[PDB]
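Let's start with one chain on its own, the form deposited in one PDB entry, as structure tokens.
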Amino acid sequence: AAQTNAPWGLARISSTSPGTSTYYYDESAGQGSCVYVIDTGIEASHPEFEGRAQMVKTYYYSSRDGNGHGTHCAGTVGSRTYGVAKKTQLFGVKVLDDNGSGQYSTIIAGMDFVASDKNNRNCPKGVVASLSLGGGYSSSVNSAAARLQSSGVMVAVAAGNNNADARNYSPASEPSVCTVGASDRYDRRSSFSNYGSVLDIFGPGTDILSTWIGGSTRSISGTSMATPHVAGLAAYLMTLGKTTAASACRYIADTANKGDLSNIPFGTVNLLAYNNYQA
């Protein structure tokens, strides 16, 4: 399949080169997989989600996304126009309030919620969780992310936006999950992107067009935007049978574009997520 005039990041993850505008992907499009977006919620009624999104948990007085951030991330995972995996099932877990923040105790509970809740959902091709969130280092937050991964979920987490070593941030620093840095359309490391030995992969994160609340769209930037590119890619590859939840991060690293990015410090992987779709 080919989607012309796609957001640059979709075009980038199916290309061996920057500077193109068509997204190419196998039409299976993540069908039969599930992606949890652990964030401010998802505006499920948005037509872009086509009935494939649903809120399953909140820790606040409402499950509504009153911010937009979670809706944007979910759109990059799985919206029809702005999504990597255009047929996946999306599940929203609202651990972040409408100001975009959450207590670590709530975020931990949300991760353990996903590890159990997947047993209530039909995901024959596998389960992914996208965590565009984080703060300072916490062994408890990292151990929750490790449990979620161990339970059979492909966990993708944002590296963080501190232009610093991700070793000092959580869940970014948990070794066993897939820690995602951000790049721009000219294949630079995004100026704010964290780096370091714990990074597994980079994805598009500067000037990313996706869904927003009120049935809208907007472009924003962050490692929060790179993470759902990788989560959606994992779901897509798991539907194709190329990999599994336990192995998808390594598979994505193995098959990534190598050496394309600039300003990667020594000791950090130079790897940009790529679907290797070859019609």
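Residue positions are given as counts along the sequence shown, with the first one as 1.
When the C-alpha B-factors of 69-77 and 195-203 are averaged, 195-203 comes out higher. In this entry, 241-249 has the higher mean Cα B-factor, the comparison being between 241-249 and 226-234. Per the PDB entry, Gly102 shows the highest C-alpha temperature factor of the residues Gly102, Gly92, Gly83, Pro124. Which of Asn119, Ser151, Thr179, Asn161 has the largest Cα B-factor in the deposited entry comes down to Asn161. In this PDB entry, the Cα temperature factor of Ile42 sits in the middle third of its chain's modelled residues. Per-chain ranking of the deposited C-alpha B factor places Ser33 in the lowest third. Placement of the Cα temperature factor of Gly135 within the chain: highest third of the modelled residues, per the deposited record. Per-chain ranking of the deposited C-alpha B factor places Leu10 in the lowest third. The PDB entry assigns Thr4 a C-alpha temperature factor belonging to the middle third of its chain's modelled residues.
The same protein has a further form, the form solved in complex with a partner chain, not shown here; the description that follows concerns it.
The partner is not drawn, yet in the deposited complex one stretch among 48-56, 28-36, 234-242, 221-229 has residues with heavy atoms inside 4.5 Å of the partner chain: 221-229.
Taking the partner from elsewhere, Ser150 is found to have every heavy atom lying beyond 4.5 Å of the partner chain in the deposited complex.
Residue contact check for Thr88: none of its heavy atoms lie within 4.5 Å of the partner chain in the deposited complex.
At a distance threshold of 4.5 angstroms between non-hydrogen atoms, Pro171 is in contact with the partner chain in the deposited complex. With a 4.5 Å cutoff on heavy atoms, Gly160 counts as touching the partner chain in the deposited complex. When the partner chain is considered in the deposited complex, only one residue from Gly134, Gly126, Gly92, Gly110 comes within 4.5 Å through any heavy atom, namely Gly134.
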